[PDB]
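Notes follow the structure.
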Amino acid sequence: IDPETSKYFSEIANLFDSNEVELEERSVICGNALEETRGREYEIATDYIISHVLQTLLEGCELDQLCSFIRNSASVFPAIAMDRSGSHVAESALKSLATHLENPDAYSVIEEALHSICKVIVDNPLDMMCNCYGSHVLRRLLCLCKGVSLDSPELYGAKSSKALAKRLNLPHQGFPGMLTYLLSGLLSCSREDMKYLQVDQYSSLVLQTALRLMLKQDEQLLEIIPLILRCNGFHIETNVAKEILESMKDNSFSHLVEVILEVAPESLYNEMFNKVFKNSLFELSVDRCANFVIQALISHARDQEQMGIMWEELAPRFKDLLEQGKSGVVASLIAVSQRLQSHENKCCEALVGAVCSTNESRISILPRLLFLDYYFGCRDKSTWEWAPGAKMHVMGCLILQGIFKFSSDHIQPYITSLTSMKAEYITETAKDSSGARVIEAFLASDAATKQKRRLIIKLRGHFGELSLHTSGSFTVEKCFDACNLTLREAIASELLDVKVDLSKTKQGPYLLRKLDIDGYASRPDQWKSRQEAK
RNA sequence: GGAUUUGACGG
């Protein structure tokens with residue numbers, strides 16, 4: 001790269017840093033500058049400085065010039081995509097294409113640009129799939145072929161609370177033929193090559209994204225999943241099942257199998273359950289990686305016979321699982337009993353017995369689950385009662401949120417334990433961003449109204465402080481909604497005392513309006529008669 | 001306007 005080329009692209013960049021140029025002129029300049037990359041796309045896109053300018057040009061230009069750049073760079077696209085800088089240039093080209101998805105006039109021009117890219121990739125895909133940078137480019141490209149532009153953490157595939165909520169039970173048409181063509185190229189390697197794509201972090205990530213994009217496309221899922229699992233009616237022979245089972249503790253493969261189980265059609269799921277997982281459930285649940293596969297398996301069980309097999313292998317070991325930091329397995333099994341309507345009472349009672357070994361300790365089931373890690377990690381479990389000031393346990397509180405969705409017939413120990421907690425522990429729970437969710441789930445349960453009222457009364461004197469919390473303010477709302485006139489007035493009176501500070505907060509204005517705190521202060525008789533009418 | 005599992009990811 002000569003200094004004339006450097007100066008040219010740097011001067012373009014400075015020209016955009018100044019806003020002397022209007023939007024229409026800018027996109028024309030972006031297109032002219034792309035022409036200066038012809039015949040040296042690789043050198044410019046992989047330059048550690050100019051790559052950034054090229055990103056700006058690709059996202060600022062119009063569709064025709066973008067497609068011309070993609071067409072002219074296609075023969076070097078894999079090398080660009082596998083470069084530490086060039087990969088961001090490649091992804092900027094994809095993001096820029098994605099901005100035209102909503103334009104129906106753009107369909108065939110986009111499809112042709114995707115074809116030129118997919119064809120060079122399919123010709124030689126395996127090192128790109130395993131490449132730290134190339135794997136990102138491929139994920140984005142797969143998403144674009146599906147027609148999704150909006151980056152989703154889950155698609156790429158990070159954790160998200162939405163995926164946890166889905167696991168715990170709490171669109172543009174795209175270019176379907178291009179997605180199928182690209183993915184089939186990624187999968188047409190030998191069974192032995194596939195065995196190592198399974199355990200390579202970057203190819204596993206590519207295949208995870210592809211499987212998520214194929215959700216509900218059962219005829220494609222039934223073709224692609226047997227290729228990934230090397231077991232090409234869907235049947236897993238005994239020796240292949242052994243190899244799948246033996247790789248389940250690998251960090252890369254375990255993430256892949258989580259996604260397989262999430263998208264698997266019924267027949268394919270049932271075969272994996274029977275041939276791979278059955279009789280190994282507890283061993284896999286104690287492994288630092290495979291236990292997340294078991295969580296996915298549990299969450300997607302299909303019928304009551306499977307629920308019975310899962311309960312027999314795992315419920316006797318609820319205590320072990322909680323002791324060893326595997327509470328998500330327990331949470332998944334409890335949640336799916338609720339969905340499959342099977343073993344509900346057995347799951348709730350097994351959880352109590354796992355946490356409370358003696359009859360007398362059962363009154364403490366709520367505190368111990370709220371602080372699950374402190375209780376199981378403490379020096380002397382016979383004297384532990386609380387963890388003053390500590391942040392409550394996320395998965396323990398999610399378990400409790402699921403508990404309070406059962407029929408009250410199944411969870412009497414939990415209702416009694418929660419409503420028995422003394423005022424200071426209940427207020428501490430309400431002030432916790434996880435504990436507040438437990439209280440709200442109880443308030444929404446079919447526990448008796450007198451039991452709800454008993455708990456709400458023990459929050460009296462603290463509604464003002466709670467309203468100032470971002471999380472606690474929702475709890476004030478839901479207490480208020482569940483109250484009679486007398487307690488609504490008490491809550492309204494407490495918010496009145498902190499009305500100045502409360503209006504400063506993000507939630508304050510909405511809380512003050514929903515409870516009509518101004519009307520209570522100014523016309524209390526009219527406020528009460530409107531409240532008593534609700 | 002709200003916490004988000006115990007095991008991965010970039011010039």
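Values below: all heavy atoms of this structure, side chains included; hydrogens, waters and symmetry mates excluded. Residue numbers begin at 1 in each chain, while the letters A, B, ... track the order of the sequences.
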If you check every side-chain atom of [X], which of [options] has the closest atom?
X: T475(A); options: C9(B), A3(B), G2(B); value: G2(B)
X: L164(A); options: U4(B), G2(B), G7(B); value: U4(B)
X: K326(A); options: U6(B), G10(B), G7(B); value: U6(B)
X: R139(A); options: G7(B), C9(B), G11(B); value: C9(B)
X: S471(A); options: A8(B), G10(B), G2(B); value: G2(B)
X: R288(A); options: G11(B), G7(B), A3(B); value: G7(B)
X: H136(A); options: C9(B), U4(B), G11(B); value: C9(B)
X: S161(A); options: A3(B), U5(B), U4(B); value: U4(B)

ask   = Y133(A) side chain N/O closer than 4.0 Å to the phosphate oxygens (OP1, OP2) of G11(B)?
value = yes
task = Could you pull out all residues at least two apart from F404(A) that satisfy ring-ring contact (aromatic ring centres under 6.0 Å, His included)?
result =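 ring-ring contact (aromatic ring centres under 6.0 Å, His included) list for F404(A), sorted by chain: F442(A).
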task = Would you please name every residue forming a ring-ring contact (aromatic ring centres under 6.0 Å, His included) with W311(A), sequence neighbours left out?
result =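 If we apply the ring-ring contact (aromatic ring centres under 6.0 Å, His included) test to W311(A), skipping adjacent residues, the hits are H343(A).
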Length of the line joining [X]:[atom1] and [N]:[atom2], which is rounded to integer Å:
X: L168(A); N: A3(B); atom1: CG; atom2: P; result: 16 Å
X: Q208(A); N: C9(B); atom1: CD; atom2: P; result: 13 Å
X: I294(A); N: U5(B); atom1: CD1; atom2: P; result: 20 Å
X: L297(A); N: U5(B); atom1: CG; atom2: P; result: 21 Å
X: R140(A); N: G10(B); atom1: CZ; atom2: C1'; result: 12 Å
X: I439(A); N: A3(B); atom1: CD1; atom2: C1'; result: 13 Å
X: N169(A); N: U4(B); atom1: CG; atom2: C1'; result: 16 Å
X: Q401(A); N: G2(B); atom1: CD; atom2: P; result: 15 Å

key: Aro-ring/base stack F292(A)-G7(B), d under 5.5 Å, angle under 30°   =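 The ring of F292(A) is stacked on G7(B).
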message = So is the aromatic ring of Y510(A) stacked onto the base of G1(B), judging by whether the centres are under 5.5 Å apart and the planes are under 30° apart?
response = no
Base, sugar-phosphate, or nothing for [X], non-hydrogen atoms under 4.0 angstrom?
X: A290(A); answer: nothing
X: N291(A); answer: base
X: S327(A); answer: base
X: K514(A); answer: nothing
X: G134(A); answer: nothing

key: Non-neighbouring partners of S135(A) that pass side chain to side chain donor-acceptor pair (under 3.5 Å), sequence neighbours left out   = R139(A)
On a plain distance test, is the side chain of [X] in donor-acceptor contact with the base of [N] below 3.5 Å?
X: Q295(A); N: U6(B); value: yes
X: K431(A); N: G2(B); value: no
X: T470(A); N: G2(B); value: no
X: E440(A); N: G2(B); value: yes
X: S51(A); N: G11(B); value: yes
X: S473(A); N: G1(B); value: yes
X: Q201(A); N: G7(B); value: no

Any side-chain to backbone donor/acceptor pair from [X] onto [Y]? Under 3.5 Å, distance only.
X: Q198(A); Y: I228(A); result: yes
X: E323(A); Y: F376(A); result: no
X: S417(A); Y: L366(A); result: yes
X: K452(A); Y: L443(A); result: yes

key: Pairwise salt bridge (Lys or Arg N to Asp or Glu O under 4.0 Å) hits with a residue in residues 365-374 of chain A, at least two apart   = none
task = Indicate whether the side chain of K391(A) and that of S434(A) have a donor and an acceptor atom separated by less than 3.5 Å.
result =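 There is such a pair between these side chains.
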query = Do we see a donor-acceptor contact under 3.5 Å between the side chains of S152(A) and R212(A)?
reply =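 Not at all, the side chains of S152(A) and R212(A) share no donor-acceptor pair under 3.5 Å.
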key: Members of residues 393-400 of chain A that approach RNA chain B, where some heavy atom sits under 4.0 Å away   =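 The stretch gives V394(A), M395(A), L398(A) as the residues lying under 4.0 Å from the strand, ordered by number.
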message = What residues from residues 250-258 of chain A pass a heavy-atom cutoff of under 4.0 Å to RNA chain B?
response = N251(A), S254(A), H255(A), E258(A)
task = Taking only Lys NZ, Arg NE, NH1 and NH2, and the carboxylate oxygens of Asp or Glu, determine whether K326(A) and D320(A) approach each other closer than 4.0 Å.
result = no
request  = Taking atom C1' in both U6(B) and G2(B), compute the distance separating them and give it to the nearest angstrom.
outcome  = 23 Å
key: Pairwise P distance for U5(B) and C9(B), with rounding to whole Å   = 15 Å
ask   = Does the pair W384(A) and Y374(A) meet the rule for a ring-ring contact (aromatic ring centres under 6.0 Å, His included), with working shown?
value = CA-CA 9 Å; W384(A) 186 95; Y374(A) 290 90; 7.9 Å; no
